[PDB]
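Input: one structure, supplied below.
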Ligand code: HEM
Ligand SMILES: Oc1ccc(-c2cnnn2-c2ccc(O)cc2)cc1
């Protein structure tokens, strides 16, 4: 006898387990057990993953319901799970989206300057360098501070919460609540602070005093700050870090991108397609009985949408394991999700990575791992897969 198949399969973000392709071929929707002991349907094909993400009856918001089968414990108040729904009901959607485009005046130039300076410092200190702690994360953090309109120097203090905030835990985390309340007070301070007049927090401070928003709660305005900072920094830092690994391990692609950098955006779209930064399937709770492939999912059940099941599905991406820059369907991956909850920071995340990669290839064209790739230490029980340190030489 064996126990019901457990998720997640592996914390390694440099390779996909052979088990995924076998699941997808034999059972593209199938029952698994999550770290909390709940059962769930794991969906691993492109077609079923898209079907679930496009059908709002598989609810993101209902995942936070008391007594529901859980992927993991809430690290936020239950209402914050419906964050985008709350933003839209407040009439704040267009304003938040407008504040987070990579196309703000001088934002891209800021990213480039920041990436270059980080790299100069690494080059000056001498190899080995940690491309995670001293490149990708400081880059993601600096970008988000500029986007929020908050002081660059406040970035490290906010960043400190993230190794706990984005944990994927069987049980509630006391530190997540301490950090959450603390970060919420920080952002409430920012809304009151007269020096903060640019970016997202600048915009939110003005809308807050605008009579058309006078019934929007102060808790929502602060929440938007914390969540958009947290989600943005964790997602871009993790993506860029694991994309640098995929790049470092393909010196041919790396030379091609070094030599023809106009290919970097197509390069990034392939790195997004193949990325394993999301550690768990995207969770949804069935609010009706709904046929998914051979399975009738029952109202009240938990479904997990496995991004790399879709993104490595050979029926949709032939030779899925190869980065190929001339695919006919390059942005059709699910790295940013799909449907109602499609990532609102997608353009920002694309530009963060394009610029970081461009700067890396220019400054460090001989970049290579300074340790055998098995020596990378993969963070466990976390909503992202990332190496604790990314040691490189050049
Ligand atoms: C390359 C970097 C990124 C990747 C790979 C990424 C991935 C995703 C994915 C796959 C979803 C769907 C979640 C779901 O459907 O359950 C998502 C949602 C979200 N993302 Fe991004 N993301 C990235 C960058 C960003 C940035 C730059 C921000 C904003 C500053 C952001 C803020 C959000 C928010 C607030 C949601 C919730 C959307 C909703 O509930 O409707 N992420 N992210
Ligand atoms: O739009 C969002 C953003 C984040 C989350 C979230 C889920 N689990 N943790 N967090 C979290 C924790 C600490 C923090 O500062 C920010 C977010 C959920 C929905």
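Following Swiss-Prot, chain A shows residues 3-396, kept in their order.
Going by what the header records, the deposited coordinates were determined by X-ray crystallography, 2.2 Å.
Using the three backbone atoms N, Cα and C, a Cβ is placed for every residue, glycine included.
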For the heme site that Swiss-Prot assigns to 343, 345, which of 256, 275, 286 is also named?
286
Quick check on the annotation: Swiss-Prot has 77, 85, 86, 301, 385 binding substrate, so which of 12, 219, 237, 248 does it put in that site too?
237
Just the number: how many Å between the Cα atoms of residue 237 (substrate binding site) and residue 346 (site 'Important for the position of heme')?
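Distance between the two Cα atoms comes out at 12 Å.
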Using a Cβ cut-off under 8 Å and a sequence separation of 6 or more, which residues in the same chain sit near residue 86 (substrate binding site)?
95, 343, 346
Whose Cβ lies within 8 Å of the mean position of the Cβ atoms of 286, 343, 345, the heme site, other than those residues?
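For the heme site the neighbour list reads 55, 62, 284, 339, 340, 341, 342, 344.
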Which of the three DSSP-derived classes (helix, strand, coil) applies to residue 345 (heme binding site)?
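DSSP call for residue 345 (heme binding site): coil, neither helix nor strand.
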Through the lens of DSSP with three states only, how would you label residue 86 (substrate binding site)?
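Note: residue 86 (substrate binding site) is helical by DSSP.
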Which of the recorded positions 237, 286, 301, 343, 345, 346 have a Cβ less than 6 Å from any atom of ligand 2?
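Result: none.
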